[PDB]
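# Summary of the model geometry
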Amino acid sequence: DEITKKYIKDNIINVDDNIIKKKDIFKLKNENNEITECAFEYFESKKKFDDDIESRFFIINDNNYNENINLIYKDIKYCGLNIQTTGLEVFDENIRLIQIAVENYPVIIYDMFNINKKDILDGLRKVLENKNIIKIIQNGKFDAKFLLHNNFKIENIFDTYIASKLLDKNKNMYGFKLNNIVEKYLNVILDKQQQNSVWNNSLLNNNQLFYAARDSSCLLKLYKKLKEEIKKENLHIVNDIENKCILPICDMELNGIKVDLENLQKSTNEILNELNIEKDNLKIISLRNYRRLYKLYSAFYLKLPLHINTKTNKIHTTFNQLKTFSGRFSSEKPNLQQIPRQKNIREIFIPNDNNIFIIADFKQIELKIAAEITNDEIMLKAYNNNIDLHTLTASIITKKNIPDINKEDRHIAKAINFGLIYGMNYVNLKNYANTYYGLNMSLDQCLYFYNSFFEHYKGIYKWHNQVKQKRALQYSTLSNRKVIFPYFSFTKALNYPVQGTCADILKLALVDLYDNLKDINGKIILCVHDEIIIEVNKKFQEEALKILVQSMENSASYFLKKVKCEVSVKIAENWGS
Ligand SMILES: [Mg+2]
């Protein structure tokens with residue numbers, strides 16, 4: 001009986017001689033009622049850990065499997081969920097271990113590479129599906145993608161990453177790895193060296209298992225303290241929304257979006273002919289033509305093929321829900337917000353055969369949010385009367401009546417609104433209009449615009465002055481998502497509550513959507529700026545349309561109480577429409 005080969009029957013390699021197998025009796029309660037006790041075999045460390053985190057564990061093999069283990073799940077309310085995988089990309093990797101930590105019990109470790117009987121996993125699958133049991137997870141998007149891809153259904157998550165990230169209020173970019181969070185909230189130092197280990201082999205190291213186990217045990221204590229701190233800072237609503245938003249996000253990343261390679265290769269050759277022809281003719285008109293076609297070609301039409309899945313013609317971007325200052329979503333590899341906002345281009349993004357796109361956008365949601373949080377009477381009443389805010393401003397500036405307002409007046413009004421709402425003076429207003437709107441506006445005119453604007457929009461005036469006076473650094477949204485600035489900045493101060501509230505609305509809408517989109521097996525594809533794209537079988541065209549609008553209007557209703565939003569919708573076969 002060699003040391004190393006001591007536990008091959010359990011797929012363990014005793015490297016350090018730091019492990020013992022033991023068989024002891026535990027205090028359970030039968031499936032019927034009577035408090036039954038059961039004998040279990042578990043592994044414990046020889047050298048006692050300096051910490052109080054559970055370091056013993058059960059291991060589940062196709063070999064030794066005691067159904068009584070599942071009785072530990074009976075009548076739990078929360079558990080610590082963790083998994084160890086072969087790599088990072090789900091489509092190309094496999095789940096190695098599924099660890100579940102239950103209070104006052106050694107960690108249950110499902111050895112996936114040595115399990116072929118479905119019966120075993122029945123216990124696990126039950127837990128994961130139980131809407132009434134909270135699964136504590138560190139970085140839940142990752143683990144949830146893997147499980148959902150391996151057809152494990154999961155619901156009710158509490159993400160310690162989300163909790164820690166929110167509690168930080170966006171004043172640090174790093175320090176949200178598990179060991180960091182533990183050293184902060186529990187003042188315990190975990191061994192992170194076993195992250196770099198190999199989990200692809202069919203035999204597991206002696207120390208890798210202890211690492212895995214502990215990395216789940218701590219989720220219980222961590223959950224308690226983080227729950228407490230979240231409640232203290234009044235972040236329950238935000239934290240809850242984000243946790244519930246994990247699953248929708250996974251839906252977007254797993255579904256992906258399909259590309260029509262015909263318009264792609266064709267358009268590539270076309271812009272190639274334009275770049276060559278313009279290079280011949282050329283070698284201000286010339287510069288802008290060449291640079292534009294050069295970027296659209298090389299900085300888009302040439303990069304996109306790299307992200308296509310060679311087999312599915314699908315792009316599976318990665319969404320981030322808390323790597324932004326405002327709180328909005330952000331995508332990468334590829335960054336969907338950097339795709340040209342042009343019909344000719346976006347028309348290459350299509351639904352699947354028997355499916356179709358439904359696309360919904362918010363209209364002037366930012367200006368409405370401003371009206372709400374400001375409680376600006378004129379804006380709120382005009383909105384309730386279904387009068388456009390640009391028209392409203394035009395009326396105030398020109399002193400004309402709506403029947404006498406013309407397109408040029410509305411254009412000037414757009415400049416005045418988008419400029420002055422977020423805190424420009426008349427000089428910056430002149431430059432802003434003259435630049436983005438092409439208006440040869442004089443300084444005297446712009447000064448009139450300023451005075452008139454804040455003469456009538458007295459709520460807005462109060463908002464600006466109060467901010468400018470207090471010069472605070474702490475700011476919140478309507479979900480009470482908080483942030484702390486490094487230094488005071490007027491424009492950013494005014495901008496955060498608006499953009500952050502938009503992020504809250506969109507995210508909650510995705511949650512409601514993901515819930516109400518199951519009866520028709522609908523898929524959520526994309527969320528960009530203030531628009532959402534879902535994909536449904538052409539059968540449920542009208543039904544899905546109603547569902548989408550319902551989710552977005554309901555979400556806006558949750559946060560805004562004296563303004564009503566407007567959701568424009570289109571049923572399209574292309575992103576460009
Ligand atoms: Mg983990």
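Residues numbered from 1 in each chain as written, not as in the entry; some residues may be left out. Heavy atoms only, no water.

Named according to the PDB entry, the protein is Prex DNA polymerase originating from Plasmodium falciparum.

### Side note on the pattern of salt bridges
Two side chains carrying opposite charge are able to pair once their charged atoms lie near each other. For the structure on display, the rule yields 28 salt bridges. Its salt-bridge partner being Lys46, residue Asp17 comes within 2.9 Å of it at the nearest N-O pair. Here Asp17 is found in the loop between β1 (12-13) and β2 (19-27), whereas its partner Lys46 is found in the loop between β3 (37-45) and β4 (57-60), with 29 residues between them in sequence. Its relative accessible area of 29% is what places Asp17 among the partly exposed residues. Take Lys46: its relative accessible area is 36%, and that puts it in the partly exposed class. A salt bridge links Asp530 to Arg328, with the nearest nitrogen and oxygen atoms 2.9 Å apart. One end of the pair, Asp530, is in the loop between β19 (523-528) and β20 (531-537); the other, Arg328, is in the loop between β13 (318-320) and β14 (330-332), and 202 residues separate them in sequence. Comparing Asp530 with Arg328, the two get one shared label, buried. Here the residues in one salt-bridge network are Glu242, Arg481, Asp504 and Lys507, joined through shared partners. (Salt bridge = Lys/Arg side-chain N within 4 Å of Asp/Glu carboxyl O. Helix = DSSP H or I, 4+ residues; strand = E, 2+ residues; numbered from the N terminus. Buried < 20%, exposed > 50% of the residue type's maximum accessible area, 1.4 Å probe, protein only.)

### Some thoughts on the nonpolar core
In terms of nonpolar packing, the biggest core is built from 190 residues, with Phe57, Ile98, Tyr110 and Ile532 touching the most fellow members. Per element, the largest residue contribution to this core is 14 residues, and it comes from helix α18 (residues 490-516). The contact partners of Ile532, leaving out residues within four places of it in the chain, are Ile358, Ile359, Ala360, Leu506, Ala509, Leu510, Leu513, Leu526, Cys527, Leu548 and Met552. (Core = buried A, V, L, I, M, F, W, Y, C linked by side-chain atoms within 4.5 Å. Contact = heavy atoms within 4.5 Å.)

### Here we look at the environment of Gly175
Tracing the chain through its elements places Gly175 in the loop between α3 (160-168) and α4 (178-185). With a relative accessible area of 40%, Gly175 lands in the partly exposed category. With 10 residues separating them along the chain, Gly175 and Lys165 place their C-alpha atoms 9.3 Å apart.

### Focus: the pairing of strand β7 (residues 107-111)
Most of β7 sits inside the fold, with five of its five residues counted as buried. Judged by which residues are buried, β7 turns out to be covered on both faces: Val107, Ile109 and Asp111 on one side and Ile108 and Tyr110 on the other are all buried. Pairing of β4 with β7 involves four bridges; the strand directions are parallel. Bridging across to β7, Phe58 finds its partner in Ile108. Strand direction decides the pairing type here: strand β6 (residues 95-101) and β7, joined by four bridges, are antiparallel. For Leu97, the partnering residue across the bridge sits in β7 and is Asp111. Following β6, the chain reverses through five residues before pairing antiparallel with β7; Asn104 in that reversal takes a positive phi of roughly 65°. (Pairing = 2+ DSSP bridges.)

### Quick notes on the sheet that holds β20
The strand order across the open sheet formed by four strands is β19-β20-β16-β21, and the pairing between neighbours is antiparallel. The outermost strands of the open sheet, each flanked by one partner alone, are β19 and β21 (567-572). On average, adjacent strands in this sheet sit at an angle of 20° to one another, irrespective of strand direction. Of the pairings in the sheet, the one linking β19 to β20 comprises five bridges and is antiparallel in character. Among the inter-strand pairings, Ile524 is bridged to a residue of β20, identified as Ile534. (Axes fitted to C-alpha atoms, helices over the stretch in contact; angles between N-to-C directions.)

### Description of helix α6 (residues 236-255)
For α6, built from 20 residues, the straight-helix expectation of 28 Å at 1.5 Å per residue is met to within 8% by its first-to-last C-alpha distance of 30 Å. Of all the bends in α6, the greatest reaches close to 35° and is centred on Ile246; the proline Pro248 follows between one and four positions later. (Expected span 1.5 Å × (residues − 1). Bend = angle between axes of the 7 residues up to and from the residue.)

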